[PDB]
Amino acid sequence: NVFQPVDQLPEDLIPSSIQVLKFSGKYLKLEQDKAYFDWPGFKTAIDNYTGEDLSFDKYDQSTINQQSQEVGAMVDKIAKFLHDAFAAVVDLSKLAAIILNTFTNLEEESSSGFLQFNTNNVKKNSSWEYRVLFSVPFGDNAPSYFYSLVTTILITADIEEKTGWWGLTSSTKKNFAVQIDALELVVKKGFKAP
């Protein structure tokens, strides 16, 4: 699970979600005991694919340059972007919570493979390479079809040791800089990882 499976789509679709999940998980620029999503590889891969069951339909970025803001402040912000950037899927604060939960529960969540930790030898700082795979239904108007928003969030902040981020809170303030990438897809039942 190199991404985090968040899907409000109905069961019969989840298995296809899984396939979309698996397709993406294949693009990692692993190197240095660390693994980071590979946007060029995962783009070109898409921009080639011959199929009706999977179709690229959008990309976008956003840069929240460092500043002393508090967790739940940047999160509800990140949410704003994904929401707006893709008023095609994301909506309300109902996501600002799934993200915030990750952050305030960082310690454990780390155990998983969709969170890559790394520090800067000298700047004495760190960041989190966080991958999340949102995928919701297209609607009762296209049962077979569903949305899949592959997102990659990098949170950089003036913290040094890994236990550094343990126990953060909605309120905690830090110097956070975050790059946000999210490539939206349109999938149909049956999509299988080529």
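Here the structure is shown first, and the text comes after it.
### Some remarks on the environment of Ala85
Assignment of secondary structure puts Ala85 in helix α3 (residues 71-85). When the C-alpha positions of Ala85 and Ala182 are compared, they lie 8.9 Å apart, and in sequence the two are 97 residues distant. Not counting residues within four places of it along the chain, the set of residues in contact with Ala85 comprises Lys58 and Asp60.

### Focus: helix α1 (residues 14-25)
Residues spaced three or four apart along an α-helix face the same direction, because each turn holds 3.6 residues. For α1, spanning twelve residues, the distance from its first C-alpha to its last is 16 Å, which sits close to the expected 16 Å at 1.5 Å a residue. For α1, the full list of buried residues reads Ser16, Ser17, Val20, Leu21, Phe23 and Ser24. Taken end-on, α1 shows its buried residues confined to a sector of 160°, consistent with a single buried face. Tucked inside the fold, the buried residues of α1 contact β1 (5-7), α2 (41-46), β2 (54-58), β6 (125-135), β7 (145-157) and β8 (173-188).

### Structural notes on the layout of surface pockets
What the largest pocket holds in volume is close to 260 Å³. The wall of the largest pocket is formed by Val6, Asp7, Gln8, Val89, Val90, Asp91, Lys94, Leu95, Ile98, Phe134, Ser135 and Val136. Contributions of two or more residues to the lining of the largest pocket are made by β1 and β6. Taken together, the residues of the lining of the largest pocket sort by class into seven nonpolar, two polar and three charged.

### Some points on the pairing of β6
Consecutive side chains along a regular strand alternate between the two faces of the sheet. Here β6 lies mainly inside the structure; eleven of its eleven residues are buried. Relative to β6, β1 runs parallel, the two sharing three bridges. Directly across from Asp7, in β6, lies its bridge partner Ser135. As defined by bridge partners, strand β5 (residues 115-120) adjoins β6 across six bridges and the pair is classed as antiparallel. Within the sheet, the bridge partner assigned to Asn120 lies in β6 and is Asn125. Here β5 hands over to β6 after four residues, with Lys124 in that stretch at a positive phi of 50°. Of the pairings in the sheet, the one linking β6 to β7 comprises nine bridges and is antiparallel in character. Bridge pairing links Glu129 to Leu154 in β7.

Cut-offs applied
- Per chain, the count goes from 1 following the written sequence and can depart from the entry's numbering; residues without coordinates do not appear at all.
- With hydrogens and water set aside, each side-chain value is computed from the structure's full complement of heavy atoms.
- Helix and strand assignments follow DSSP, with helices taken as H or I runs no shorter than four residues and strands as E runs no shorter than two, numbered in order from the N terminus.
- Here a residue-residue contact requires only that any non-hydrogen atoms of the pair lie within 4.5 Å.
- Expected span, for any helix, means 1.5 Å times one less than how many residues it has.
- Whether a residue is buried, partly exposed or exposed follows from its accessible area with a 1.4 Å probe, protein chains only, as a fraction of its type maximum: under 20%, in between, or over 50%, in that order.
- Here the arc refers to the set of directions running from the helix axis out to each C-beta atom.
- Residues are said to line a cavity or pocket when one of their atoms sits within 4 Å of a point; the points come from a 1 Å grid over protein atoms alone, cavities being sets where a 1.4 Å probe fits but cannot get out and pockets being open sets with protein on both sides within 12 Å along at least five of seven lines.
- Grid points are joined across faces, edges and corners, and a volume is the space filled by probe spheres set on the points.
- Put simply, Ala, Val, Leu, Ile, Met, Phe, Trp, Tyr, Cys and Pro go in the nonpolar bin, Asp, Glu, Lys and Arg in the charged bin, and everything else, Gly too, in the polar bin.
- Here a strand pair is declared whenever DSSP counts at least two bridges between the two strands.

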